[PDB]
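Chemist: Quick one, upload.pdb (PDB, C-alpha atoms):
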ATOM      1  CA  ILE H   1       0.254  -1.162 -13.355  1.00  0.00           C
ATOM      2  CA  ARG H   2       2.025   0.614 -16.219  1.00  0.00           C
ATOM      3  CA  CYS H   3      -0.001   3.813 -15.858  1.00  0.00           C
ATOM      4  CA  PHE H   4       2.399   6.456 -17.212  1.00  0.00           C
ATOM      5  CA  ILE H   5       5.040   8.159 -15.071  1.00  0.00           C
ATOM      6  CA  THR H   6       7.184   6.601 -12.336  1.00  0.00           C
ATOM      7  CA  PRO H   7       7.744   7.108  -8.562  1.00  0.00           C
ATOM      8  CA  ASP H   8      11.349   8.343  -8.434  1.00  0.00           C
ATOM      9  CA  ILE H   9      13.327   6.599 -11.168  1.00  0.00           C
ATOM     10  CA  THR H  10      12.075   5.765 -14.665  1.00  0.00           C
ATOM     11  CA  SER H  11      11.776   2.477 -16.581  1.00  0.00           C
ATOM     12  CA  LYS H  12       9.600   0.915 -13.874  1.00  0.00           C
ATOM     13  CA  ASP H  13       6.077   1.959 -12.874  1.00  0.00           C
ATOM     14  CA  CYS H  14       5.779   1.837  -9.076  1.00  0.00           C
ATOM     15  CA  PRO H  15       4.613  -1.306  -7.200  1.00  0.00           C
ATOM     16  CA  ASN H  16       0.944  -0.407  -6.749  1.00  0.00           C
ATOM     17  CA  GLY H  17      -0.616   0.665 -10.035  1.00  0.00           C
ATOM     18  CA  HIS H  18      -4.303   0.150  -9.288  1.00  0.00           C
ATOM     19  CA  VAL H  19      -5.521   3.634 -10.209  1.00  0.00           C
ATOM     20  CA  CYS H  20      -3.674   6.304 -12.154  1.00  0.00           C
ATOM     21  CA  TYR H  21      -3.976   9.681 -10.431  1.00  0.00           C
ATOM     22  CA  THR H  22      -2.129  12.894 -11.215  1.00  0.00           C
ATOM     23  CA  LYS H  23      -1.415  13.615  -7.568  1.00  0.00           C
ATOM     24  CA  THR H  24       0.728  16.668  -6.823  1.00  0.00           C
ATOM     25  CA  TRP H  25       1.182  16.988  -3.069  1.00  0.00           C
ATOM     26  CA  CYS H  26       4.212  19.258  -3.024  1.00  0.00           C
ATOM     27  CA  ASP H  27       3.369  19.577   0.691  1.00  0.00           C
ATOM     28  CA  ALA H  28       6.334  21.812   1.593  1.00  0.00           C
ATOM     29  CA  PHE H  29       8.939  22.634  -1.057  1.00  0.00           C
ATOM     30  CA  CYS H  30       8.350  19.129  -2.433  1.00  0.00           C
ATOM     31  CA  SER H  31      10.925  16.383  -1.829  1.00  0.00           C
ATOM     32  CA  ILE H  32      13.163  15.172  -4.676  1.00  0.00           C
ATOM     33  CA  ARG H  33      13.345  16.567  -8.240  1.00  0.00           C
ATOM     34  CA  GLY H  34       9.554  16.275  -8.392  1.00  0.00           C
ATOM     35  CA  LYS H  35       7.860  14.460 -11.262  1.00  0.00           C
ATOM     36  CA  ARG H  36       5.644  15.066 -14.292  1.00  0.00           C
ATOM     37  CA  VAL H  37       2.745  16.056 -12.037  1.00  0.00           C
ATOM     38  CA  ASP H  38       2.865  12.549 -10.511  1.00  0.00           C
ATOM     39  CA  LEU H  39       0.512  11.445 -13.302  1.00  0.00           C
ATOM     40  CA  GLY H  40      -0.460   8.522 -11.075  1.00  0.00           C
ATOM     41  CA  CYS H  41       0.335   5.005  -9.844  1.00  0.00           C
ATOM     42  CA  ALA H  42      -1.711   4.609  -6.652  1.00  0.00           C
ATOM     43  CA  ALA H  43      -5.247   4.039  -5.304  1.00  0.00           C
ATOM     44  CA  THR H  44      -8.563   5.611  -6.346  1.00  0.00           C
ATOM     45  CA  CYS H  45      -9.890   9.007  -5.234  1.00  0.00           C
ATOM     46  CA  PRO H  46      -9.774   8.414  -1.445  1.00  0.00           C
ATOM     47  CA  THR H  47     -10.236  12.099  -0.557  1.00  0.00           C
ATOM     48  CA  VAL H  48      -7.110  13.768  -1.949  1.00  0.00           C
ATOM     49  CA  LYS H  49      -7.594  17.381  -3.087  1.00  0.00           C
ATOM     50  CA  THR H  50      -7.226  20.303  -0.690  1.00  0.00           C
ATOM     51  CA  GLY H  51      -3.958  21.910  -1.764  1.00  0.00           C
ATOM     52  CA  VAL H  52      -2.719  18.722  -3.405  1.00  0.00           C
ATOM     53  CA  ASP H  53      -3.442  19.045  -7.135  1.00  0.00           C
ATOM     54  CA  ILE H  54      -4.628  15.575  -8.130  1.00  0.00           C
ATOM     55  CA  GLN H  55      -6.657  14.218 -11.034  1.00  0.00           C
ATOM     56  CA  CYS H  56      -7.574  10.634 -10.202  1.00  0.00           C
ATOM     57  CA  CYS H  57      -8.627   8.255 -12.987  1.00  0.00           C
ATOM     58  CA  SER H  58      -8.846   4.510 -13.606  1.00  0.00           C
ATOM     59  CA  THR H  59      -6.794   4.739 -16.800  1.00  0.00           C
ATOM     60  CA  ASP H  60      -8.653   5.015 -20.121  1.00  0.00           C
ATOM     61  CA  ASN H  61      -6.895   8.044 -21.643  1.00  0.00           C
ATOM     62  CA  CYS H  62      -4.758   8.828 -18.591  1.00  0.00           C
ATOM     63  CA  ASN H  63      -1.383   7.930 -20.002  1.00  0.00           C
ATOM     64  CA  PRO H  64      -1.938   7.457 -23.815  1.00  0.00           C
ATOM     65  CA  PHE H  65       0.489  10.141 -24.998  1.00  0.00           C
ATOM     66  CA  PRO H  66       3.514  10.649 -27.316  1.00  0.00           C
ATOM     67  CA  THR H  67       6.329  10.941 -24.772  1.00  0.00           C
ATOM     68  CA  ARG H  68       7.169  12.330 -21.331  1.00  0.00           C
ATOM     69  CA  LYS H  69      10.279  14.360 -22.150  1.00  0.00           C
ATOM     70  CA  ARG H  70      10.396  17.125 -24.761  1.00  0.00           C
ATOM     71  CA  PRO H  71      13.749  18.571 -25.959  1.00  0.00           C
TER      72      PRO H  71
ATOM     73  CA  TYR B   1      34.645  12.982 -12.834  1.00  0.00           C
ATOM     74  CA  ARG B   2      32.745  13.486 -16.091  1.00  0.00           C
ATOM     75  CA  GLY B   3      30.500  10.888 -17.725  1.00  0.00           C
ATOM     76  CA  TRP B   4      30.438   8.750 -14.580  1.00  0.00           C
ATOM     77  CA  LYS B   5      27.623  10.252 -12.508  1.00  0.00           C
ATOM     78  CA  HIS B   6      24.303  11.177 -14.120  1.00  0.00           C
ATOM     79  CA  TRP B   7      20.915  12.103 -12.667  1.00  0.00           C
ATOM     80  CA  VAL B   8      18.208  10.419 -14.744  1.00  0.00           C
ATOM     81  CA  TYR B   9      14.681  10.716 -13.302  1.00  0.00           C
ATOM     82  CA  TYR B  10      11.642  11.704 -15.356  1.00  0.00           C
ATOM     83  CA  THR B  11      12.528   9.532 -18.379  1.00  0.00           C
ATOM     84  CA  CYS B  12      15.771   8.533 -20.126  1.00  0.00           C
ATOM     85  CA  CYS B  13      17.487   5.933 -18.091  1.00  0.00           C
ATOM     86  CA  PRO B  14      17.261   3.544 -15.061  1.00  0.00           C
ATOM     87  CA  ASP B  15      18.052   4.052 -11.328  1.00  0.00           C
ATOM     88  CA  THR B  16      18.817   7.702 -10.543  1.00  0.00           C
ATOM     89  CA  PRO B  17      20.992   7.802  -7.344  1.00  0.00           C
ATOM     90  CA  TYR B  18      22.882   5.073  -5.486  1.00  0.00           C
TER      91      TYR B  18
END
So that I can check it, write out the structure of this file as structure tokens.

Modeler:
Amino acid sequence: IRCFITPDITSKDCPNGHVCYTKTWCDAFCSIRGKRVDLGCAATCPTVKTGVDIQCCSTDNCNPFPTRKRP
Amino acid sequence: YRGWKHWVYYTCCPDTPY
């Protein structure tokens, strides 16, 4: 838990934070206001890929960054 | 209707909608 980004709202860090994976499955016109390339907060590389732009990683330099926003 | 509603998301504040 506490990877980097968040599911929909901020502050929290999703319920399942086993592996941090930058999954971007826009599928079709995405859903809500999207996210910062869904940095992660899910399971490990289970197959993913194919269309969905994801970069799975078990932390260790996945989130260590200055900030999310950037005026 | 002014500073009542606000869409957070991404990073800044808590719960977005209601």

Chemist: Rank nothing, just name the residue among H:15, H:25, H:64, H:34 nearest to chain B, using all atoms listed in the file.

Modeler: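 When distances to chain B are compared using all atoms listed in the file, the smallest one comes from H:34.
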
Chemist: Tell me the residues of chain B close to chain H, meaning within 7 Å using all atoms listed in the file, as a PDB file with C-alpha atoms, in the coordinates of the input.

Modeler:
ATOM      1  CA  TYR B   9      14.681  10.716 -13.302  1.00  0.00           C
ATOM      2  CA  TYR B  10      11.642  11.704 -15.356  1.00  0.00           C
ATOM      3  CA  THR B  11      12.528   9.532 -18.379  1.00  0.00           C
ATOM      4  CA  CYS B  13      17.487   5.933 -18.091  1.00  0.00           C
ATOM      5  CA  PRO B  14      17.261   3.544 -15.061  1.00  0.00           C
ATOM      6  CA  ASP B  15      18.052   4.052 -11.328  1.00  0.00           C
ATOM      7  CA  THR B  16      18.817   7.702 -10.543  1.00  0.00           C
TER       8      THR B  16
END

Chemist: Between atom CA of residue 56 of chain H and atom CA of residue 23 of chain H, what is the spacing in Å?

Modeler: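 Computing it gives 7.3 Å between the two atoms.
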
Chemist: Counting only C-alpha atoms, write as a list in words all protein and nucleic acid residues lying at most 6 Å from (20.2, 10.5, -9.5) in the file's frame.

Modeler: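 Result, sorted by chain then residue number: residues 7, 8, 16 and 17 of chain B.
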
Chemist: Please indicate the distance in Å from atom CA of residue 65 of chain H to atom CA of residue 19 of chain H, rounded to one decimal place.

Modeler: 17.2 Å

Chemist: Quick one, how far is atom CA of residue 53 of chain H from atom CA of residue 66 of chain H?

Modeler: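 We find that atom CA of residue 53 of chain H and atom CA of residue 66 of chain H lie 22.9 Å from each other.
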
Chemist: Given the file shown, determine the residues that the PyMOL selection byres ((chain H and resi 48-51) around 10) selects; report them as a PyMOL selection string.

Modeler: chain H and resi 21+23-27+44-47+52-56

Chemist: Take the residues from that selection and write them out as a compact mmCIF listing (two decimals), keeping the file's coordinate frame, keeping C-alpha atoms.

Modeler:
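Result file is again19.txt:
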# COMPACT_ATOMS: atom_id res chain seq x y z
CA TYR H 21 -3.98 9.68 -10.43
CA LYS H 23 -1.42 13.62 -7.57
CA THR H 24 0.73 16.67 -6.82
CA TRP H 25 1.18 16.99 -3.07
CA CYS H 26 4.21 19.26 -3.02
CA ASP H 27 3.37 19.58 0.69
CA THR H 44 -8.56 5.61 -6.35
CA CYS H 45 -9.89 9.01 -5.23
CA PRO H 46 -9.77 8.41 -1.44
CA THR H 47 -10.24 12.10 -0.56
CA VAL H 52 -2.72 18.72 -3.40
CA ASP H 53 -3.44 19.05 -7.14
CA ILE H 54 -4.63 15.58 -8.13
CA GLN H 55 -6.66 14.22 -11.03
CA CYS H 56 -7.57 10.63 -10.20

Chemist: Which residue out of H:31, H:61, H:16, H:22 has the minimum interatomic distance to residue 43 of chain H when only C-alpha atoms are used?

Modeler: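 Going through H:31, H:61, H:16, H:22 one by one, the smallest distance to residue 43 of chain H is for H:16.
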
Chemist: Can you pull out the residues contacting residue 59 of chain H? Cut-off 8 Å, using all atoms listed in the file, and skip same-chain residues under 2 positions away; I want them as a PyMOL selection string.

Modeler: chain H and resi 3+19-20+57+61-63

Chemist: Restricting the calculation to all atoms listed in the file, which member of H:60, H:71, H:4, H:29 is positioned closest to residue 41 of chain H?

Modeler: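 So, comparing all the options, the nearest one is H:4.
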
Chemist: Report, as AutoDock Vina command-line options, the axis-aligned box around all atoms of segment 33-49 of chain H present in the file, extended by 4 Å on each side; give centre and edge lengths in Å to one decimal place.

Modeler:
--center_x 1.6 --center_y 10.7 --center_z -7.4 --size_x 31.6 --size_y 21.3 --size_z 21.7
